[PDB]
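A.B. asks: Chains C and A supply the protein sequences, listed in that same order.
Sequence positions in the first sequence follow the authors' numbering and run 78 to 121, 129 to 177.
Sequence positions in the second sequence follow the authors' numbering and run 19 to 38, 41 to 630.
Every residue gets a Cβ at the ideal spot worked out from N, C-alpha and C, and that includes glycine.
Below are the structure tokens for one structure; questions will follow.
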Amino acid sequence: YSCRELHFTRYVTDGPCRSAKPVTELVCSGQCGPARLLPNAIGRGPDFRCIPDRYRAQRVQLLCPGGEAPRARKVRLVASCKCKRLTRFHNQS
Amino acid sequence: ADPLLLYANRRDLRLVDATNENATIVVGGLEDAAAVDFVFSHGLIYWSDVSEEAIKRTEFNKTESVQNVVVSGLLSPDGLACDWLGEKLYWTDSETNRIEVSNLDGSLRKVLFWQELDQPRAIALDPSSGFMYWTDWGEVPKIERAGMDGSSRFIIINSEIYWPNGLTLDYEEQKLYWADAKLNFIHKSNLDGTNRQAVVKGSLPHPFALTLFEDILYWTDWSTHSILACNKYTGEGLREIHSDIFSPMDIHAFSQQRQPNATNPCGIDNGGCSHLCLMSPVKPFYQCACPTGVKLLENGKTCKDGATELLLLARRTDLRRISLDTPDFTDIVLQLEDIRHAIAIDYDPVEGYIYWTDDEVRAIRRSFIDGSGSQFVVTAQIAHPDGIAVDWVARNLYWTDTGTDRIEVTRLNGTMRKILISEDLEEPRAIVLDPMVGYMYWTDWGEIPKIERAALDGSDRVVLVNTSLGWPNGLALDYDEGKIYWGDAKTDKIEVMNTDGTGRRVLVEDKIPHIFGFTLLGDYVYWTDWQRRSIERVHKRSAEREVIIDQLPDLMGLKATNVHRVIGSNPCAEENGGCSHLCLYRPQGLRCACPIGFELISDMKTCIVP
Ligand SMILES: *[C@@H]1O[C@H](CO[C@@H]2O[C@@H](C)[C@@H](O)[C@@H](O)[C@@H]2O)[C@@H](O[C@@H]2O[C@@H](C)[C@@H](O)[C@@H](O)[C@@H]2O)[C@H](O)[C@H]1NC(C)=O
Ligand SMILES: *[C@@H]1O[C@H](CO)[C@@H](O[C@@H]2O[C@H](CO)[C@@H](O)[C@H](O)[C@H]2NC(C)=O)[C@H](O)[C@H]1NC(C)=O
Ligand SMILES: *[C@@H]1O[C@H](CO)[C@@H](O)[C@H](O)[C@H]1NC(C)=O
Ligand SMILES: [Mg+2]
Ligand SMILES: [Mg+2]
Numbered sequence: 078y079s080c081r082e083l084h085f086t087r088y089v090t091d092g093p094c095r096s097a098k099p100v101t102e103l104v105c106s107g108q109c110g111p112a113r114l115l116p117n118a119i120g121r129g130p131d132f133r134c135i136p137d138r139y140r141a142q143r144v145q146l147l148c149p150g151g152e153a154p155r156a157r158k159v160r161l162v163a164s165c166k167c168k169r170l171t172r173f174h175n176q177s
Numbered sequence: 019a020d021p022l023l024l025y026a027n028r029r030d031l032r033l034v035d036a037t038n041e042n043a044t045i046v047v048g049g050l051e052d053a054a055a056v057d058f059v060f061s062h063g064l065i066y067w068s069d070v071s072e073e074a075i076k077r078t079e080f081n082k083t084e085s086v087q088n089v090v091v092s093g094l095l096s097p098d099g100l101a102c103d104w105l106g107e108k109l110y111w112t113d114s115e116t117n118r119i120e121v122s123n124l125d126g127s128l129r130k131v132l133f134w135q136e137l138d139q140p141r142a143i144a145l146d147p148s149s150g151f152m153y154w155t156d157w158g159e160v161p162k163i164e165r166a167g168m169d170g171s172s173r174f175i176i177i178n179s180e181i182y183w184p185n186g187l188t189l190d191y192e193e194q195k196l197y198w199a200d201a202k203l204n205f206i207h208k209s210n211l212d213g214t215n216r217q218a219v220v221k222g223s224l225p226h227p228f229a230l231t232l233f234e235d236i237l238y239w240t241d242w243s244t245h246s247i248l249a250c251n252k253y254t255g256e257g258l259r260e261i262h263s264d265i266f267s268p269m270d271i272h273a274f275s276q277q278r279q280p281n282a283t284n285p286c287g288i289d290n291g292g293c294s295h296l297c298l299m300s301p302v303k304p305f306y307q308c309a310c311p312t313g314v315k316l317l318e319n320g321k322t323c324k325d326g327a328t329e330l331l332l333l334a335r336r337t338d339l340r341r342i343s344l345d346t347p348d349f350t351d352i353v354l355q356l357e358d359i360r361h362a363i364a365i366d367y368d369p370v371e372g373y374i375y376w377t378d379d380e381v382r383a384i385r386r387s388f389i390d391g392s393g394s395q396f397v398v399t400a401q402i403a404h405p406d407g408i409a410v411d412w413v414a415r416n417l418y419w420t421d422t423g424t425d426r427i428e429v430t431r432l433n434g435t436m437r438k439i440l441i442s443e444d445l446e447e448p449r450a451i452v453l454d455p456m457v458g459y460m461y462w463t464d465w466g467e468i469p470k471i472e473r474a475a476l477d478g479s480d481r482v483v484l485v486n487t488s489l490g491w492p493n494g495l496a497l498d499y500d501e502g503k504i505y506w507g508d509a510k511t512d513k514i515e516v517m518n519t520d521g522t523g524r525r526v527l528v529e530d531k532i533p534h535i536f537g538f539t540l541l542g543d544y545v546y547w548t549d550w551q552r553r554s555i556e557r558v559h560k561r562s563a564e565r566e567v568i569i570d571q572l573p574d575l576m577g578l579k580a581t582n583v584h585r586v587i588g589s590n591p592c593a594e595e596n597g598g599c600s601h602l603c604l605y606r607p608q609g610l611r612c613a614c615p616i617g618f619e620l621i622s623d624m625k626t627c628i629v630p
């Protein structure tokens, strides 16, 4: 595989509440493998795993059991998949 | 009975006869035998190994000829050539982009070139003139020539060239033969590039290494797994001489008649040079040279006692030093053993010891700049040493361990452990010292971020900074200007302050995403950026910046310092200030201290058990 964008529909939840219509989330799967040898290179480091590139954000109205009006909420999801690095949390091990 | 062809087969070094086809193996058991040359007079065969990442030698006259490890710390040594006159050894590296040189015993590594080298490949020598020749097939394919001393480097081919894989000389006719693997030909030229005339025009699948003998050419080809051979002058007689090869690489004609005897300008006295007597084209045809990072004195012959200003670095799996006396900024891989996760580091100009920590070995360790004398200082009761500091005056060692959230102190050789700062501390790391004034400085993390200060005994702990603090990972002091410098990774910013708490201005704000390593030395401040895997410097008074090495993974922490020059004194130096164990200086005067299990006596100097 080569780091494609797989899709599947899901509902969004706040526990007892549930969104009216669903939402197609995307999941970065695939195998962003290491680049092969340069054509005139001698044969025989980095880690470029398939990671969410850009994110999207949609508004979905939330619905809760009888007695309450349809609350509204905004949720952000995955849009594109690329192969980048990872540098955020700062610790030792 | 005629030219024996020595070639590297990725797994062993073989030797064919040009007349007939029984190939005798020279050295087997190799993993990726790439380039090879020889020193017939000394009877040695050198070769490279891109998988073991090293260059080895063996005496072919001696039976059961055990190998001799010559180099280690290379990335992709694609080319190699021996200097059978000045007893020197030149090689290239297509990844680190440099061309080094050393003696035969692997000693005295000097980087001769690091500029404008994309993917250098093959290299050839002519020591009787003092000219080295090499090729490059990367961004701008070219064939360069230069003095074997590292001078008069001139690009001699740049037109109609793409994959100049192989290269050799015709000493009898003073010409230059190279082969292009994509442009599919072999051309000759005079030793400067003039009268480039064609030899073999077609019929070359993918050659890699070319060699010459008498009026006959010999080269390896990759797509055919064989050794072709043609006439040196005419393109006629395209032949197969040795076919069905595993994976042929570099080939030379193996005979003394390819390394002609000539007179050495270095003579018996090594040309008077202290270290390296390299060949040169300019009179007197040699030039004295110093190893990487060490500058040459006014003699033009006598090297300096090591490199003066020096920048020691800690990565995760290795330790590396970078000399500051030369613009090459070559990071010498400090030859050490069992370094799983090196964190903090410091130096001691008095003894020449490098004190570094490790959170998976759980030990504070100590070594020379060379890498000899690797010894464990503190072995047990150690969790996460994110910061270490050397009191070069009182001969004591300080460190911070956030696993136990405490700061302790011993003498430089591990003895006399005493817990100084135990309480009111949240993930502390960096630590610098000022023994002349008698204050210690340190930082902790973002929950209650601060840069606290106390004496060397754990007294009068006064919190220095409390505002606009995020991830203060580094700390450094400029003693001559009474100001301390720190650096933050959460605020993505680095600022300065005076010890009086007077000025507090931001130095650089633009592109400092995440600094962990941090040090200061004489109007320059060096830092180690995570997320960019780079190291730069900043001018103190100015704000200029200079990338010294970019793209280096697993970067941690560094401290810059001088070698064999130290400053500062206080009462603790004189016979340990009369203390039996610990001499902890502070403005009130020194204070003798005992470890655990011992107590302080009436004289407030000695220590015995109860
Ligand atoms: C040291 O070795 C050289 C060259 O030997 C060659 O390489 C080794 C690995 C063996 O495979 C040998 O069979 C090869 O020839 C010897 O030089 C030879 O000298 C004479 C006998 C002649 O055949 C000449 O063409 C060769 O170059 C050399 O004699 C040897 N040293 C000693 C003391 O024997
Ligand atoms: C270094 O270790 C050595 C022994 O391994 C020690 O040096 C001497 O140790 C004895 C025994 O405690 C003391 O009485 C001496 O005073 C020490 N010598 C000096 C010059 O102080 C010591 O534990 C460590 N430190 C030093 C400085 O030697
Ligand atoms: C740290 O914060 C406390 C209260 O937030 C404040 O009183 C104190 O002055 C701060 N530290 C310094 C050095 O001012
Ligand atoms: Mg060569
Ligand atoms: Mg390169």
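(1) So, A:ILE352 versus A:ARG340, is the Cβ gap smaller than 8 Å?
(2) So which of A:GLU443, A:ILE535, A:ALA218 has the shortest CA-CA distance to A:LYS510?
(3) Between the Cα of A:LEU64 and the Cα atoms of A:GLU51, A:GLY49, A:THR420, A:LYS82, which residue gives the shortest distance?
(4) If contacts are defined as beta-carbon pairs under 8 Å, then A:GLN571 and A:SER554 qualify, I think. What distance do you get, rounded to the angstrom?
(5) Return no unless some Cβ of chain A is closer than 8 Å to the Cβ of C:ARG121.
(6) Any heavy atom of ligand 7 inside 7 Å of the beta-carbon of A:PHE80?
(7) What does A:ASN185 touch in chain C if you count any residue whose Cβ is under 9 Å from its own?
(8) I need the straight-line Cα distance from A:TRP412 to A:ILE176, nearest angstrom please.
(9) DSSP has A:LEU332 in a bridge; who is on the other side?
(10) For A:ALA43 versus A:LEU33, is the C-beta spacing smaller than 8 Å?
(11) Quick one: does the C-beta of A:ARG431 sit closer than 7 Å to a heavy atom of ligand 2?
(12) Going along chain A, which residues have a C-beta under 9 Å from C:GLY129?
(13) What separation, rounded to the nearest whole angstrom, lies between the Cα atoms of A:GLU446 and A:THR422?
(14) Can you find a CB in chain C that lies within less than 8 Å of the CB of A:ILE352?
(15) Start and end of the beta strand (DSSP E) containing A:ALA509?
(16) How about the segment 154 to 162 of chain C and the segment 95 to 105 of chain C: do they share at least three Cβ pairs that are nearer than 8 Å?
(17) Closest by CA to A:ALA364, which one among A:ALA563, A:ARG385, A:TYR253?
(18) Taking DSSP's pairing of strands, which residues face A:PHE151 in a bridge?
(19) Work out the CA separation of A:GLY48 and A:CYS603 for me, nearest whole Å.
(20) Output the distance between the C-alpha atoms of A:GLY502 and A:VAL567, rounded to the nearest integer angstrom.
(21) Rounded to whole angstroms, what is the Cα-Cα separation between A:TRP198 and A:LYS579?
(22) Should A:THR626 be counted as a contact of ligand 2 given a C-beta to heavy atom distance under 7 Å?
(23) Going along chain A, which residues have a C-beta under 7 Å from C:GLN176?
(24) Taking the runs of the beta strand (DSSP E) that are 3 residues or longer, which of them lie wholly in the segment 68 to 97 of chain A?
(25) Does ligand 5 have even one heavy atom less than 7 Å from the beta-carbon of A:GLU120?
(26) Between residue 632 of chain A and ligand 3, is there a pair consisting of the residue's CB and a ligand heavy atom that are separated by less than 7 Å?
(27) In its own chain, which residues sit with a C-beta less than 7 Å from the C-beta of A:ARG557, not counting the 5 before and 5 after it?
(28) In the DSSP assignment, the beta strand (DSSP E) including A:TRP547 goes from what residue to what residue?
(29) May I ask you to list the residues that DSSP assigns as paired with A:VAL56?
(30) Pairs of beta-carbons, one from the segment 184 to 202 of chain A and one from the segment 152 to 159 of chain A, closer than 8 Å: are there three or more?
(31) Taking A:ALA327 as the reference, which of A:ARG29, A:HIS584, A:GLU41, A:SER68 has the closest Cα?
(32) What residue from A:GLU380, A:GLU73, A:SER600 has the CA that sits closest to C:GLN176's CA?
(33) Is it right to say A:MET456 is buried, meaning 16 or more other beta carbons lie within 10 angstroms of its own, or is it exposed?
(34) Pull out every residue of the segment 64 to 88 of chain A whose Cβ sits closer than 7 Å to any Cβ of chain C, in chain order.
(35) For ligand 2, is there any heavy atom lying closer than 7 Å to the beta carbon of A:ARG173?
C.D. replies: To lay it out plainly:
(1) yes
(2) A:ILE535
(3) A:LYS82
(4) 7 Å
(5) yes
(6) No copy of ligand 7 occurs in the structure displayed; its ligands are ligand 1, ligand 2, ligand 3, ligand 4 and ligand 5 alone.
(7) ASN117
(8) 53 Å
(9) A:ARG341, A:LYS579
(10) yes
(11) yes
(12) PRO573
(13) 7 Å
(14) no
(15) Segment: none, A:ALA509 is in no beta strand (DSSP E) and carries neither H nor E.
(16) yes
(17) A:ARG385
(18) A:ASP146, A:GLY167
(19) 60 Å
(20) 27 Å
(21) 47 Å
(22) no
(23) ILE363, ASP379, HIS404, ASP406
(24) 74 to 79, 88 to 92
(25) no
(26) The structure shown does not extend to residue 632 of chain A, since chain A spans only 19 to 630, so no value can be given for it.
(27) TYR544, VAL545, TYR546, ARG565, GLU566, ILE568
(28) 544 to 549
(29) A:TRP67
(30) yes
(31) A:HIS584
(32) A:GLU380
(33) exposed
(34) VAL70, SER71
(35) no
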